[PDB]
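In what follows, a structure is listed as C-alpha cells, so that the remarks can point back to it.
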Amino acid sequence: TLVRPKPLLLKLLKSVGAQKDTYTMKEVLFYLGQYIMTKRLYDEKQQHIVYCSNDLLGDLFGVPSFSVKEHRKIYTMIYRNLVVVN
Amino acid sequence: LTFXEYXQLXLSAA
C-alpha cells in the first residue's frame with residue numbers, strides 16, 4: 001500500500017537520496033532509519049534512544065526525543081506526516 | 001544492538 005509524505009517529511013526523505021513522491025510505508029521507514037543513522041541522532045550507549053530536538057526530525061515529529069521501543073508513538077508521529085493513498 | 005539493528009527490527013514488522 002502507498003503513502004504520500006507531506007512536505008517536511010518528503011524533504012527529509014529526499015535529503016538522503018530518495019526521488020519519489022509516493023512510497024510504501026516500509027520505504028518511508030527505511031529512509032527515515034538511514035537519516036537517523038547517518039546524522040548520528042541516536043544515543044551512543046542505548047542506541048534505541050533518538051535525540052531530535054535540534055533537527056528537522058524534531059519539527060516533523062513534534063518531540064525532542066523518543067525510543068525505538070515506542071512503536072505506536074513512532075507510527076503516530078509518522079502518520080501525521082503522511083496521507084494514505086486510495 | 002546498534003541503532004541500525006533496532007531500526008531493522010521495527011522495519012521488518014511493517
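Cβ sites come from the backbone with ideal geometry, for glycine too, and all protein chains shown count toward neighbours. No value in this document is a laboratory result; all are computed from the given coordinates.
Quick one: count up the residues across segment A:1-56 that are in contact (Cβ under 8 Å) with a residue 40 or more places away in the chain and over 14 Å from the mean Cα position of the chain (by Cα).
Total meeting the criteria: 3.
Among the residues of segment A:68-78, are any more than 18 Å from B:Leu11 (Cα to Cα) and either β-branched (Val, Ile, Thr) or under 13 Å from the mean Cα position of the chain (by Cα) (or both)?
Looking through segment A:68-78, none of the residues is more than 18 Å from B:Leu11 (Cα to Cα) and either β-branched (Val, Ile, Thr) or under 13 Å from the mean Cα position of the chain (by Cα) (or both).
Can you name the residue in segment A:27-39 that is among the β-branched types (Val, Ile, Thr) and either crowded, with 19+ Cβ neighbours inside 10 Å or touching a helix residue (DSSP H, G or I) at 6+ places or on another chain (Cβ under 7 Å) (or both) and is also farthest from the other protein chains (Cβ to nearest Cβ) among such residues? It would help to see each step written out before you state the result.
As a first pass, look at segment A:27-39 and keep what is among the β-branched types (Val, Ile, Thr): A:28, A:36, A:38.
Next cut, either crowded, with 19+ Cβ neighbours inside 10 Å or touching a helix residue (DSSP H, G or I) at 6+ places or on another chain (Cβ under 7 Å) (or both) only: A:28, A:36.
On the way: A:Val28: 9, A:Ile36: 7 Å.
Result: A:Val28.
Go through (1) facing chain B (nearest Cβ under 10 Å); (2) without any contact (Cβ under 8 Å) to a residue 12 or more places away in the chain; (3) in contact with a strand residue (DSSP E or B) (Cβ under 9 Å, 6 or more places away or on another chain) for A:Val68 and report which single condition fails.
(2)
Tell me whether segment A:8-26 contains one or more residues that are part of a helix (DSSP H, G or I), within 16 Å of B:Unk7 (Cα to Cα), away from chain B (no Cβ under 14 Å) and among the hydrophobic types (A, V, I, L, M, F, W, C).
Yes, segment A:8-26 contains at least one residue that is part of a helix (DSSP H, G or I), within 16 Å of B:Unk7 (Cα to Cα), away from chain B (no Cβ under 14 Å) and among the hydrophobic types (A, V, I, L, M, F, W, C).
Select from segment A:27-86 the residues that are of a type in the set (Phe, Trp, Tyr) and part of a helix (DSSP H, G or I) and list them in ascending order.
Those that are of a type in the set (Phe, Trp, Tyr) and part of a helix (DSSP H, G or I): A:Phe30, A:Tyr31, A:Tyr35, A:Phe61, A:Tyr75, A:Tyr79.
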